[PDB]
file coords-v9.txt (compact mmCIF, N, CA and C atoms)
# COMPACT_ATOMS: atom_id res chain seq x y z
N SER A 1856 0.88 -1.21 0.00
CA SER A 1856 0.00 0.00 0.00
C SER A 1856 0.89 1.22 0.00
N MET A 1857 0.29 2.40 0.19
CA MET A 1857 1.05 3.64 0.21
C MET A 1857 2.29 3.67 1.09
N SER A 1858 3.48 3.86 0.45
CA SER A 1858 4.78 3.85 1.18
C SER A 1858 5.16 2.45 1.85
N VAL A 1859 4.53 1.40 1.41
CA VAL A 1859 4.73 0.02 1.94
C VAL A 1859 4.87 -0.91 0.73
N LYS A 1860 6.12 -1.28 0.46
CA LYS A 1860 6.44 -2.05 -0.78
C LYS A 1860 7.14 -3.34 -0.52
N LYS A 1861 6.70 -4.43 -1.18
CA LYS A 1861 7.44 -5.71 -1.21
C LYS A 1861 8.81 -5.46 -1.81
N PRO A 1862 9.82 -6.29 -1.49
CA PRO A 1862 11.17 -6.14 -2.04
C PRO A 1862 11.25 -6.18 -3.63
N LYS A 1863 12.08 -5.30 -4.24
CA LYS A 1863 12.12 -5.14 -5.74
C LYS A 1863 12.76 -6.37 -6.51
N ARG A 1864 11.95 -7.37 -6.91
CA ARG A 1864 12.28 -8.32 -8.04
C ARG A 1864 12.96 -7.69 -9.30
N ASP A 1865 14.14 -8.21 -9.62
CA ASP A 1865 14.98 -7.60 -10.67
C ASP A 1865 14.36 -8.02 -12.01
N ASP A 1866 13.86 -7.05 -12.75
CA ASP A 1866 13.15 -7.30 -14.01
C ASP A 1866 13.96 -6.78 -15.20
N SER A 1867 15.22 -6.40 -14.98
CA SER A 1867 16.01 -5.69 -16.01
C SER A 1867 16.45 -6.59 -17.20
N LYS A 1868 16.48 -7.90 -16.96
CA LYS A 1868 16.77 -8.89 -18.01
C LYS A 1868 15.53 -9.55 -18.66
N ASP A 1869 14.35 -9.10 -18.28
CA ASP A 1869 13.12 -9.79 -18.75
C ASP A 1869 12.97 -9.68 -20.28
N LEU A 1870 13.19 -8.49 -20.82
CA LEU A 1870 13.13 -8.24 -22.31
C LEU A 1870 14.02 -9.18 -23.13
N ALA A 1871 15.29 -9.26 -22.76
CA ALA A 1871 16.20 -10.18 -23.31
C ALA A 1871 15.83 -11.62 -23.20
N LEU A 1872 15.44 -12.02 -22.02
CA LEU A 1872 15.04 -13.40 -21.82
C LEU A 1872 13.70 -13.81 -22.59
N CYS A 1873 12.70 -12.93 -22.60
CA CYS A 1873 11.48 -13.22 -23.45
C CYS A 1873 11.89 -13.37 -24.95
N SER A 1874 12.82 -12.49 -25.42
CA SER A 1874 13.35 -12.56 -26.81
C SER A 1874 14.03 -13.93 -27.09
N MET A 1875 14.83 -14.43 -26.16
CA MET A 1875 15.46 -15.71 -26.29
C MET A 1875 14.44 -16.83 -26.30
N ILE A 1876 13.47 -16.80 -25.38
CA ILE A 1876 12.43 -17.81 -25.40
C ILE A 1876 11.66 -17.80 -26.75
N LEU A 1877 11.35 -16.62 -27.22
CA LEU A 1877 10.60 -16.44 -28.47
C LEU A 1877 11.41 -16.99 -29.63
N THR A 1878 12.76 -16.77 -29.62
CA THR A 1878 13.67 -17.32 -30.66
C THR A 1878 13.61 -18.84 -30.69
N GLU A 1879 13.57 -19.46 -29.52
CA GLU A 1879 13.52 -20.88 -29.39
C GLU A 1879 12.17 -21.41 -29.94
N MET A 1880 11.10 -20.69 -29.69
CA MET A 1880 9.78 -21.08 -30.23
C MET A 1880 9.76 -20.92 -31.77
N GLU A 1881 10.30 -19.81 -32.28
CA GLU A 1881 10.38 -19.56 -33.71
C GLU A 1881 11.16 -20.65 -34.49
N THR A 1882 12.14 -21.26 -33.86
CA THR A 1882 13.04 -22.20 -34.52
C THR A 1882 12.63 -23.66 -34.26
N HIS A 1883 11.63 -23.93 -33.45
CA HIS A 1883 11.09 -25.28 -33.23
C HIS A 1883 10.46 -25.82 -34.53
N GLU A 1884 10.70 -27.10 -34.84
CA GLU A 1884 10.19 -27.65 -36.07
C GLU A 1884 8.69 -27.65 -36.16
N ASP A 1885 7.97 -27.62 -35.05
CA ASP A 1885 6.52 -27.61 -35.04
C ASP A 1885 5.94 -26.14 -34.94
N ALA A 1886 6.74 -25.14 -35.19
CA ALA A 1886 6.31 -23.73 -35.14
C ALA A 1886 5.50 -23.30 -36.35
N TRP A 1887 5.57 -24.08 -37.43
CA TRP A 1887 5.05 -23.63 -38.74
C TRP A 1887 3.62 -23.16 -38.80
N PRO A 1888 2.69 -23.74 -37.99
CA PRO A 1888 1.33 -23.17 -38.03
C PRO A 1888 1.17 -21.79 -37.43
N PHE A 1889 2.22 -21.33 -36.69
CA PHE A 1889 2.18 -20.18 -35.77
C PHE A 1889 3.11 -19.06 -36.19
N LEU A 1890 3.88 -19.21 -37.26
CA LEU A 1890 4.92 -18.22 -37.59
C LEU A 1890 4.31 -16.88 -38.08
N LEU A 1891 3.19 -16.98 -38.80
CA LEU A 1891 2.55 -15.84 -39.41
C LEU A 1891 1.09 -15.77 -39.08
N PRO A 1892 0.46 -14.58 -39.23
CA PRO A 1892 -0.99 -14.48 -39.03
C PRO A 1892 -1.80 -15.37 -39.97
N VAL A 1893 -2.82 -16.01 -39.43
CA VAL A 1893 -3.76 -16.82 -40.24
C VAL A 1893 -4.35 -15.89 -41.29
N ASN A 1894 -4.41 -16.38 -42.56
CA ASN A 1894 -4.90 -15.52 -43.66
C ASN A 1894 -6.47 -15.49 -43.59
N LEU A 1895 -6.97 -14.38 -43.10
CA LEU A 1895 -8.41 -14.21 -42.88
C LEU A 1895 -9.26 -14.15 -44.13
N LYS A 1896 -8.64 -13.88 -45.29
CA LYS A 1896 -9.35 -13.99 -46.58
C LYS A 1896 -9.46 -15.44 -47.02
N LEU A 1897 -8.49 -16.28 -46.67
CA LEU A 1897 -8.44 -17.61 -47.22
C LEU A 1897 -8.84 -18.71 -46.31
N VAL A 1898 -9.19 -18.43 -45.03
CA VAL A 1898 -9.53 -19.51 -44.09
C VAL A 1898 -10.91 -19.21 -43.60
N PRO A 1899 -11.90 -19.90 -44.22
CA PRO A 1899 -13.28 -19.74 -43.78
C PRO A 1899 -13.46 -19.97 -42.30
N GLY A 1900 -14.26 -19.13 -41.70
CA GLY A 1900 -14.62 -19.28 -40.28
C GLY A 1900 -13.72 -18.53 -39.32
N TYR A 1901 -12.47 -18.29 -39.74
CA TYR A 1901 -11.45 -17.83 -38.74
C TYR A 1901 -11.71 -16.48 -38.19
N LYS A 1902 -12.04 -15.58 -39.11
CA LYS A 1902 -12.30 -14.20 -38.73
C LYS A 1902 -13.43 -14.09 -37.70
N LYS A 1903 -14.53 -14.79 -37.96
CA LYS A 1903 -15.69 -14.73 -37.03
C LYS A 1903 -15.53 -15.45 -35.71
N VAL A 1904 -14.86 -16.58 -35.77
CA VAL A 1904 -14.78 -17.40 -34.61
C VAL A 1904 -13.68 -16.95 -33.65
N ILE A 1905 -12.54 -16.50 -34.17
CA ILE A 1905 -11.33 -16.24 -33.28
C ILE A 1905 -11.26 -14.76 -33.05
N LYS A 1906 -11.72 -14.34 -31.89
CA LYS A 1906 -11.91 -12.91 -31.66
C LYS A 1906 -10.58 -12.12 -31.56
N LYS A 1907 -9.51 -12.79 -31.11
CA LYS A 1907 -8.22 -12.15 -30.95
C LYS A 1907 -7.11 -13.02 -31.58
N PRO A 1908 -6.91 -12.89 -32.86
CA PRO A 1908 -5.84 -13.68 -33.57
C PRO A 1908 -4.47 -13.27 -33.01
N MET A 1909 -3.58 -14.25 -32.88
CA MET A 1909 -2.19 -13.94 -32.47
C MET A 1909 -1.26 -14.98 -33.09
N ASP A 1910 -0.01 -14.59 -33.34
CA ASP A 1910 0.98 -15.44 -34.02
C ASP A 1910 2.38 -14.95 -33.54
N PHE A 1911 3.41 -15.76 -33.72
CA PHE A 1911 4.78 -15.42 -33.33
C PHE A 1911 5.29 -14.15 -33.94
N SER A 1912 5.07 -13.93 -35.27
CA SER A 1912 5.58 -12.70 -35.91
C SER A 1912 5.00 -11.39 -35.30
N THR A 1913 3.73 -11.41 -34.93
CA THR A 1913 3.04 -10.35 -34.28
C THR A 1913 3.57 -10.18 -32.83
N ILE A 1914 3.85 -11.27 -32.14
CA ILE A 1914 4.46 -11.13 -30.79
C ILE A 1914 5.86 -10.54 -30.94
N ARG A 1915 6.63 -11.00 -31.94
CA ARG A 1915 7.98 -10.49 -32.18
C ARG A 1915 7.99 -8.97 -32.45
N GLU A 1916 7.07 -8.48 -33.24
CA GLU A 1916 7.00 -7.06 -33.55
C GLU A 1916 6.59 -6.24 -32.26
N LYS A 1917 5.61 -6.77 -31.53
CA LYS A 1917 5.16 -6.15 -30.28
C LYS A 1917 6.38 -6.06 -29.29
N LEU A 1918 7.11 -7.14 -29.16
CA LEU A 1918 8.27 -7.22 -28.30
C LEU A 1918 9.35 -6.18 -28.64
N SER A 1919 9.73 -6.17 -29.91
CA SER A 1919 10.70 -5.26 -30.42
C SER A 1919 10.31 -3.80 -30.35
N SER A 1920 9.05 -3.43 -30.17
CA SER A 1920 8.60 -2.05 -30.27
C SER A 1920 8.05 -1.53 -28.93
N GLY A 1921 8.34 -2.28 -27.84
CA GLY A 1921 7.85 -1.85 -26.49
C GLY A 1921 6.42 -1.84 -26.24
N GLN A 1922 5.74 -2.81 -26.84
CA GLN A 1922 4.31 -2.93 -26.62
C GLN A 1922 3.89 -3.93 -25.49
N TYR A 1923 4.85 -4.65 -24.92
CA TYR A 1923 4.56 -5.43 -23.63
C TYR A 1923 5.01 -4.65 -22.39
N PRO A 1924 4.05 -4.26 -21.56
CA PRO A 1924 4.44 -3.55 -20.34
C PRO A 1924 5.18 -4.43 -19.39
N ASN A 1925 4.93 -5.74 -19.35
CA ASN A 1925 5.71 -6.59 -18.46
C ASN A 1925 5.74 -8.06 -18.99
N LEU A 1926 6.49 -8.93 -18.32
CA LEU A 1926 6.63 -10.31 -18.85
C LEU A 1926 5.25 -11.09 -18.81
N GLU A 1927 4.29 -10.74 -17.93
CA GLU A 1927 3.00 -11.42 -17.92
C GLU A 1927 2.13 -11.14 -19.17
N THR A 1928 2.24 -9.92 -19.72
CA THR A 1928 1.46 -9.57 -20.85
C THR A 1928 2.06 -10.35 -22.04
N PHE A 1929 3.38 -10.58 -22.05
CA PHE A 1929 4.06 -11.42 -23.11
C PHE A 1929 3.55 -12.85 -23.02
N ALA A 1930 3.46 -13.42 -21.78
CA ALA A 1930 3.00 -14.84 -21.61
C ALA A 1930 1.53 -15.00 -22.05
N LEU A 1931 0.73 -13.97 -21.82
CA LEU A 1931 -0.68 -14.00 -22.22
C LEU A 1931 -0.85 -14.12 -23.79
N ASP A 1932 -0.09 -13.35 -24.55
CA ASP A 1932 -0.09 -13.45 -26.02
C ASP A 1932 0.43 -14.79 -26.51
N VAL A 1933 1.51 -15.33 -25.91
CA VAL A 1933 1.98 -16.64 -26.30
C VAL A 1933 0.82 -17.67 -26.07
N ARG A 1934 0.22 -17.69 -24.86
CA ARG A 1934 -0.83 -18.66 -24.52
C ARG A 1934 -2.03 -18.46 -25.46
N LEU A 1935 -2.37 -17.22 -25.83
CA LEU A 1935 -3.41 -16.92 -26.77
C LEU A 1935 -3.19 -17.66 -28.09
N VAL A 1936 -1.93 -17.73 -28.57
CA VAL A 1936 -1.63 -18.45 -29.82
C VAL A 1936 -2.12 -19.94 -29.67
N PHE A 1937 -1.81 -20.56 -28.54
CA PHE A 1937 -2.23 -21.95 -28.36
C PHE A 1937 -3.68 -22.21 -28.06
N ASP A 1938 -4.31 -21.30 -27.32
CA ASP A 1938 -5.72 -21.31 -27.08
C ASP A 1938 -6.55 -21.11 -28.30
N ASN A 1939 -6.14 -20.20 -29.19
CA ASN A 1939 -6.76 -20.08 -30.51
C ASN A 1939 -6.64 -21.38 -31.36
N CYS A 1940 -5.45 -21.95 -31.37
CA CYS A 1940 -5.22 -23.20 -32.05
C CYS A 1940 -6.17 -24.32 -31.58
N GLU A 1941 -6.31 -24.47 -30.27
CA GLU A 1941 -7.22 -25.50 -29.70
C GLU A 1941 -8.69 -25.21 -30.02
N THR A 1942 -9.05 -23.93 -30.10
CA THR A 1942 -10.42 -23.54 -30.47
C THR A 1942 -10.80 -23.96 -31.93
N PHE A 1943 -9.85 -23.86 -32.82
CA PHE A 1943 -10.11 -24.06 -34.24
C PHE A 1943 -9.70 -25.40 -34.83
N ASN A 1944 -8.88 -26.19 -34.13
CA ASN A 1944 -8.25 -27.37 -34.77
C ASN A 1944 -8.56 -28.58 -33.87
N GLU A 1945 -8.86 -29.70 -34.51
CA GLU A 1945 -9.07 -30.96 -33.77
C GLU A 1945 -7.70 -31.35 -33.11
N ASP A 1946 -7.77 -31.90 -31.89
CA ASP A 1946 -6.56 -32.47 -31.21
C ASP A 1946 -5.79 -33.49 -32.10
N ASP A 1947 -6.54 -34.29 -32.84
CA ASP A 1947 -5.98 -35.32 -33.72
C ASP A 1947 -5.85 -34.78 -35.18
N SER A 1948 -4.97 -33.81 -35.35
CA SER A 1948 -4.67 -33.15 -36.63
C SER A 1948 -3.23 -32.77 -36.46
N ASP A 1949 -2.50 -32.57 -37.54
CA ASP A 1949 -1.12 -32.14 -37.39
C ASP A 1949 -1.02 -30.80 -36.68
N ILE A 1950 -1.87 -29.85 -37.06
CA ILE A 1950 -1.85 -28.52 -36.40
C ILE A 1950 -2.25 -28.59 -34.93
N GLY A 1951 -3.25 -29.42 -34.60
CA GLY A 1951 -3.74 -29.58 -33.22
C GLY A 1951 -2.59 -30.13 -32.33
N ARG A 1952 -1.87 -31.14 -32.82
CA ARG A 1952 -0.74 -31.72 -32.14
C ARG A 1952 0.43 -30.74 -32.00
N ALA A 1953 0.67 -29.98 -33.07
CA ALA A 1953 1.68 -28.93 -33.05
C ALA A 1953 1.43 -27.98 -31.92
N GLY A 1954 0.17 -27.57 -31.73
CA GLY A 1954 -0.17 -26.62 -30.67
C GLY A 1954 0.03 -27.12 -29.28
N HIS A 1955 -0.38 -28.37 -29.04
CA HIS A 1955 -0.10 -28.99 -27.78
C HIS A 1955 1.37 -29.11 -27.52
N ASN A 1956 2.20 -29.54 -28.51
CA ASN A 1956 3.63 -29.67 -28.32
C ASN A 1956 4.29 -28.30 -27.96
N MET A 1957 3.91 -27.27 -28.74
CA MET A 1957 4.49 -25.94 -28.57
C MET A 1957 4.13 -25.33 -27.21
N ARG A 1958 2.93 -25.56 -26.75
CA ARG A 1958 2.50 -25.05 -25.39
C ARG A 1958 3.33 -25.71 -24.28
N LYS A 1959 3.47 -27.03 -24.36
CA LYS A 1959 4.40 -27.72 -23.44
C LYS A 1959 5.83 -27.20 -23.47
N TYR A 1960 6.43 -27.03 -24.66
CA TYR A 1960 7.73 -26.50 -24.83
C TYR A 1960 7.85 -25.10 -24.17
N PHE A 1961 6.86 -24.23 -24.44
CA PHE A 1961 6.85 -22.88 -23.91
C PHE A 1961 6.78 -22.86 -22.34
N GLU A 1962 5.88 -23.65 -21.75
CA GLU A 1962 5.61 -23.61 -20.34
C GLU A 1962 6.83 -24.09 -19.54
N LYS A 1963 7.56 -25.09 -20.06
CA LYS A 1963 8.81 -25.49 -19.46
C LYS A 1963 9.87 -24.38 -19.50
N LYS A 1964 10.11 -23.76 -20.67
CA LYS A 1964 11.05 -22.66 -20.76
C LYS A 1964 10.66 -21.52 -19.80
N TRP A 1965 9.37 -21.27 -19.66
CA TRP A 1965 8.85 -20.15 -18.84
C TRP A 1965 9.18 -20.40 -17.33
N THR A 1966 8.82 -21.57 -16.85
CA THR A 1966 9.12 -22.06 -15.51
C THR A 1966 10.61 -22.06 -15.24
N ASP A 1967 11.41 -22.65 -16.12
CA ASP A 1967 12.84 -22.70 -15.87
C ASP A 1967 13.52 -21.36 -15.91
N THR A 1968 13.03 -20.40 -16.70
CA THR A 1968 13.68 -19.10 -16.79
C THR A 1968 13.31 -18.15 -15.63
N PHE A 1969 12.08 -18.24 -15.16
CA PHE A 1969 11.44 -17.21 -14.34
C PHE A 1969 10.89 -17.73 -12.96
N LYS A 1970 10.64 -19.03 -12.76
CA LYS A 1970 10.00 -19.56 -11.50
C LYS A 1970 10.95 -20.43 -10.62
call {"tool": "encode", "arguments": {"input": "coords-v9.txt", "output": "structure tokens"}}
result
Amino acid sequence: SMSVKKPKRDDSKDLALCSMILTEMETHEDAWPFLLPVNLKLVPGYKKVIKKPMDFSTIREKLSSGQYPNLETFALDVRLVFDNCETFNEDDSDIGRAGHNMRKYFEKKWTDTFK
């Protein structure tokens, strides 16, 4: 509360470390469904059904331009990519499996870097 603060967690490396995690996600062999925005002209249903589209390239641009106020807002966009994937794709599809694999990969890197 006013003039009463918990001890200052060092956040000065967070930008660098989110960039490294994002690099690792970009270079994973199962990243291909997620590298670019879904083409809303060419994929029936996507525009209407997925209210907040997100992809790695869009997270990368946001990251590079100071659009994440903190590391939690970065984790929310990454998770959004996988939550959108599960909303639109059957679990038993190459893309559905890709999304599950990538979410697991991400959550381990997140825990090991920050928790």
call {"tool": "select_by_dssp", "arguments": {"input": "coords-v9.txt", "residues": "chain A", "states": "alpha helix (DSSP H)", "output": "VMD selection string"}}
result
chain A and resid 1869 to 1882 1901 to 1904 1911 to 1919 1926 to 1943 1949 to 1969
call {"tool": "residues_around", "arguments": {"input": "coords-v9.txt", "residues": "residue A:1937", "least_positions_apart": "6", "cutoff": "8 Å", "atoms": "only N, CA and C atoms", "output": "list in words"}}
result
residues 1909, 1910, 1943, 1953, 1954, 1955, 1957 and 1958 of chain A
call {"tool": "atom_distance", "arguments": {"input": "coords-v9.txt", "atom1": "atom C of residue A:1887", "atom2": "atom CA of residue A:1950"}}
result
8.0 Å
call {"tool": "residues_around", "arguments": {"input": "coords-v9.txt", "residues": "stretch 1922-1928 of chain A", "least_positions_apart": "4", "cutoff": "9 Å", "atoms": "only C-alpha atoms", "output": "list in words"}}
result
residues 1866, 1869, 1870, 1873, 1916, 1917, 1918, 1932 and 1933 of chain A
call {"tool": "atom_distance", "arguments": {"input": "coords-v9.txt", "atom1": "atom C of residue A:1888", "atom2": "atom C of residue A:1940"}}
result
9.7 Å
call {"tool": "closest_residue", "arguments": {"input": "coords-v9.txt", "among": "A:1967, A:1914, A:1934, A:1942", "to": "residue A:1877", "atoms": "all atoms listed in the file"}}
result
A:1914
call {"tool": "atom_distance", "arguments": {"input": "coords-v9.txt", "atom1": "atom C of residue A:1856", "atom2": "atom N of residue A:1921"}}
result
29.0 Å
call {"tool": "closest_residue", "arguments": {"input": "coords-v9.txt", "among": "A:1881, A:1867, A:1941, A:1894", "to": "residue A:1912", "atoms": "only N, CA and C atoms"}}
result
A:1881
call {"tool": "closest_residue", "arguments": {"input": "coords-v9.txt", "among": "A:1931, A:1859, A:1872, A:1936", "to": "residue A:1891", "atoms": "only C-alpha atoms"}}
result
A:1936
call {"tool": "decode", "arguments": {"input": "coords-v9.txt", "residues": "stretch 1873-1890 of chain A", "atoms": "N, CA and C atoms", "output": "PDB file, in the first residue's frame"}}
result
ATOM      1  N   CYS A1873      12.696 -12.933 -22.599  1.00  0.00           N
ATOM      2  CA  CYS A1873      11.480 -13.220 -23.448  1.00  0.00           C
ATOM      3  C   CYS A1873      11.894 -13.367 -24.952  1.00  0.00           C
ATOM      4  N   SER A1874      12.818 -12.486 -25.418  1.00  0.00           N
ATOM      5  CA  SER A1874      13.352 -12.559 -26.815  1.00  0.00           C
ATOM      6  C   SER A1874      14.029 -13.927 -27.095  1.00  0.00           C
ATOM      7  N   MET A1875      14.832 -14.428 -26.161  1.00  0.00           N
ATOM      8  CA  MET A1875      15.456 -15.710 -26.294  1.00  0.00           C
ATOM      9  C   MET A1875      14.441 -16.832 -26.300  1.00  0.00           C
ATOM     10  N   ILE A1876      13.470 -16.802 -25.376  1.00  0.00           N
ATOM     11  CA  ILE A1876      12.431 -17.806 -25.400  1.00  0.00           C
ATOM     12  C   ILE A1876      11.657 -17.799 -26.748  1.00  0.00           C
ATOM     13  N   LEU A1877      11.353 -16.617 -27.224  1.00  0.00           N
ATOM     14  CA  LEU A1877      10.601 -16.439 -28.468  1.00  0.00           C
ATOM     15  C   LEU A1877      11.413 -16.991 -29.634  1.00  0.00           C
ATOM     16  N   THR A1878      12.755 -16.767 -29.619  1.00  0.00           N
ATOM     17  CA  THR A1878      13.674 -17.324 -30.662  1.00  0.00           C
ATOM     18  C   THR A1878      13.611 -18.840 -30.686  1.00  0.00           C
ATOM     19  N   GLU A1879      13.566 -19.462 -29.519  1.00  0.00           N
ATOM     20  CA  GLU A1879      13.520 -20.880 -29.391  1.00  0.00           C
ATOM     21  C   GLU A1879      12.167 -21.405 -29.938  1.00  0.00           C
ATOM     22  N   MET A1880      11.100 -20.685 -29.688  1.00  0.00           N
ATOM     23  CA  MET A1880       9.781 -21.076 -30.229  1.00  0.00           C
ATOM     24  C   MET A1880       9.763 -20.923 -31.769  1.00  0.00           C
ATOM     25  N   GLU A1881      10.304 -19.809 -32.282  1.00  0.00           N
ATOM     26  CA  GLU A1881      10.379 -19.557 -33.715  1.00  0.00           C
ATOM     27  C   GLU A1881      11.157 -20.646 -34.488  1.00  0.00           C
ATOM     28  N   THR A1882      12.143 -21.256 -33.858  1.00  0.00           N
ATOM     29  CA  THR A1882      13.041 -22.196 -34.524  1.00  0.00           C
ATOM     30  C   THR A1882      12.634 -23.657 -34.264  1.00  0.00           C
ATOM     31  N   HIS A1883      11.628 -23.926 -33.446  1.00  0.00           N
ATOM     32  CA  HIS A1883      11.093 -25.285 -33.231  1.00  0.00           C
ATOM     33  C   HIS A1883      10.458 -25.818 -34.535  1.00  0.00           C
ATOM     34  N   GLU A1884      10.697 -27.096 -34.837  1.00  0.00           N
ATOM     35  CA  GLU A1884      10.187 -27.649 -36.068  1.00  0.00           C
ATOM     36  C   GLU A1884       8.685 -27.649 -36.165  1.00  0.00           C
ATOM     37  N   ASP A1885       7.968 -27.620 -35.053  1.00  0.00           N
ATOM     38  CA  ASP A1885       6.519 -27.607 -35.037  1.00  0.00           C
ATOM     39  C   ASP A1885       5.940 -26.138 -34.935  1.00  0.00           C
ATOM     40  N   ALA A1886       6.737 -25.142 -35.194  1.00  0.00           N
ATOM     41  CA  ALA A1886       6.307 -23.733 -35.143  1.00  0.00           C
ATOM     42  C   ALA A1886       5.498 -23.299 -36.354  1.00  0.00           C
ATOM     43  N   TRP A1887       5.567 -24.084 -37.433  1.00  0.00           N
ATOM     44  CA  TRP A1887       5.055 -23.630 -38.742  1.00  0.00           C
ATOM     45  C   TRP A1887       3.625 -23.160 -38.801  1.00  0.00           C
ATOM     46  N   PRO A1888       2.687 -23.741 -37.990  1.00  0.00           N
ATOM     47  CA  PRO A1888       1.334 -23.172 -38.033  1.00  0.00           C
ATOM     48  C   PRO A1888       1.172 -21.786 -37.434  1.00  0.00           C
ATOM     49  N   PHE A1889       2.216 -21.333 -36.685  1.00  0.00           N
ATOM     50  CA  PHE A1889       2.184 -20.182 -35.774  1.00  0.00           C
ATOM     51  C   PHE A1889       3.106 -19.064 -36.192  1.00  0.00           C
ATOM     52  N   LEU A1890       3.876 -19.209 -37.259  1.00  0.00           N
ATOM     53  CA  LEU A1890       4.915 -18.220 -37.586  1.00  0.00           C
ATOM     54  C   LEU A1890       4.314 -16.885 -38.078  1.00  0.00           C
TER      55      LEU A1890
END
